[PDB]
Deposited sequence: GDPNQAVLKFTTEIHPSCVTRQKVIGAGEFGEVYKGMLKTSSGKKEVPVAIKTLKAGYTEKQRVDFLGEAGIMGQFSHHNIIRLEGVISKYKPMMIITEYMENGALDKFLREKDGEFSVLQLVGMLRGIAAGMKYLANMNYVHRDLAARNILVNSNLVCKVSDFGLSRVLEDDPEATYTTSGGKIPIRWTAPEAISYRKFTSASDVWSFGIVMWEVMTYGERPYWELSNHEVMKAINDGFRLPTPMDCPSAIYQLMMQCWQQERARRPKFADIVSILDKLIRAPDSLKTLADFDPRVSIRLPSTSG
C-alpha cells in the first residue's frame, strides 16, 4: 500500500455510516472515498489486503493514512454507489446487453481474485460499486464482520457471520469457503442484476431458504431473462461445488453471449 499524507486529502461529506467523499491531490485532483482497538487492528489490516489488488473490476486502493489521526483508507470514488440500490433505482432502464456487461465485469474481477487464491465470502450486489461508466467493481464493506456481541459476553461470534441467502450450502454447513462457493454467490448476483435488485427468495424466511436449497429448489427465472443467462445461474448453483463453472468459464460464456447478442434478445428490448 501507498502511504498518503493528509495534506493531499480533503474530506467533504459523509457518504455513509464512517465513509466520506473527499478529494485527493495527485496538480490535478481526483475524487475518492475515505473510510475512517481490535477495530483499529483490522482497519489497517484490510488495507494491506486491498493494496495487493489491481484490476479494472476491483475497487482500487489509492493509499492509506496510517501515521496520522484520523486513520484513513482511501479508494477511488464510485459515483453510482452500491449496485443493488442502484439497480432498484434504474429498474428497467437497462437492456440485457448492458446488464450482462455488468455481470461480465463482476466475473472478470472475480476471476482475478480467484487467480490470487482470494476467497471473497460475501459476493453480493450490496458489495459491488458502480461508476459513471457503469463499470462494476467488487468491494467488501465488511458487514459480515460487524461485532454486535457484548464486550463481557460469555459466548461470542466466531468466524464472523455469513450472508445466508448468498452462501453455498457447503459453506453454510461446513464453513468450506472456496472460489467455488464464491461462484454460487455469483449466481445469486446474476439473479439480483437481472431482477433489478429483488431480495433472493423474498417469500421465504432464512430457515425456509436453507430447507428449500437442500430440497433442490433454486431461485426462479427473472422476468425477461434470456434462457442462456438463467441457465448459467443454474449452473452456478449446482450442489456439488466441483461441477460449478470456474470464474474463467463464466467470463468466457458471458463473452460468447455478448459477441452473439441474438442469444441475449428478450422481447422487452424490441422496439
Worksheet entry | Deposited positions without coordinates, collected into consecutive stretches in sequence order | 1-10, 28-31, 41-43, 54-59, 295-306
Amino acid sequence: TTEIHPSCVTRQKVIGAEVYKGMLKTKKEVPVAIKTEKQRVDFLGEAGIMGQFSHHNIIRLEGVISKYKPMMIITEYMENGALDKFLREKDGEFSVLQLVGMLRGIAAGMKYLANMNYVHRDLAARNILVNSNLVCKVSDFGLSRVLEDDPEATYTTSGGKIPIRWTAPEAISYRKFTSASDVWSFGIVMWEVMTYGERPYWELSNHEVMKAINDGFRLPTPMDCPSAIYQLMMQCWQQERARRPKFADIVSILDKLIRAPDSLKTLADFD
From here on, numbers count along this sequence of modelled residues.
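Throughout, rigid core stands for the largest set of C-alpha atoms superposing within 1.5 Å between the two forms.
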Worksheet entry | Stretch departing more from the displayed form, 203-211 or 223-231, Cα RMS in 9 other deposited structures of this protein (core fit) | 203-211
Worksheet, complete the sentence: Between 179-187 and 67-75, the one drifting more in C-alpha RMS in 9 other deposited structures of this protein once the core is aligned is 67-75
Worksheet item: Is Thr26 without coordinates in at least a third of the other compared PDB entries of this protein that model the residues flanking it?
Response: yes
Discussion item. Does at least a third of the other compared PDB entries (those resolving both flanking residues) leave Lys161 without coordinates?
Written reply: yes
Item to complete: Quick one: say whether 262-270 or 4-12 has the higher mean Cα B-factor in the deposited entry.
Response: 4-12
Worksheet item: Going by the B-factors listed in the PDB entry, is the mean over the C-alpha atoms higher for 143-151 or for 185-193?
Response: 143-151
Discussion item. If I read the C-alpha B-factors straight from the PDB entry, which of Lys67, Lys211, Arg218, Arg241 is highest?
Written reply: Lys67
Item to complete: Select one of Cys236, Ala228, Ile58, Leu44: the residue whose C-alpha shows the highest B-factor in the crystal structure entry.
Response: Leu44
Response to the item:
By the entry's values, the third containing the CA B factor of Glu76 is the middle
Discussion item. Looking at the temperature factor on the CA atom of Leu232, which third of the chain's modelled residues does it land in?
Written reply: lowest
Discussion item. Please say which third, lowest, middle or highest, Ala108 falls into when its CA temperature factor is compared across its chain.
Written reply: middle
Worksheet item: In terms of the chain's CA B-factor thirds, is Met116 lowest, middle or highest?
Response: middle
Item to complete: Rank-wise, by C-alpha B-factor, drop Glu29 into the lowest, middle or highest third of its chain.
Response: highest
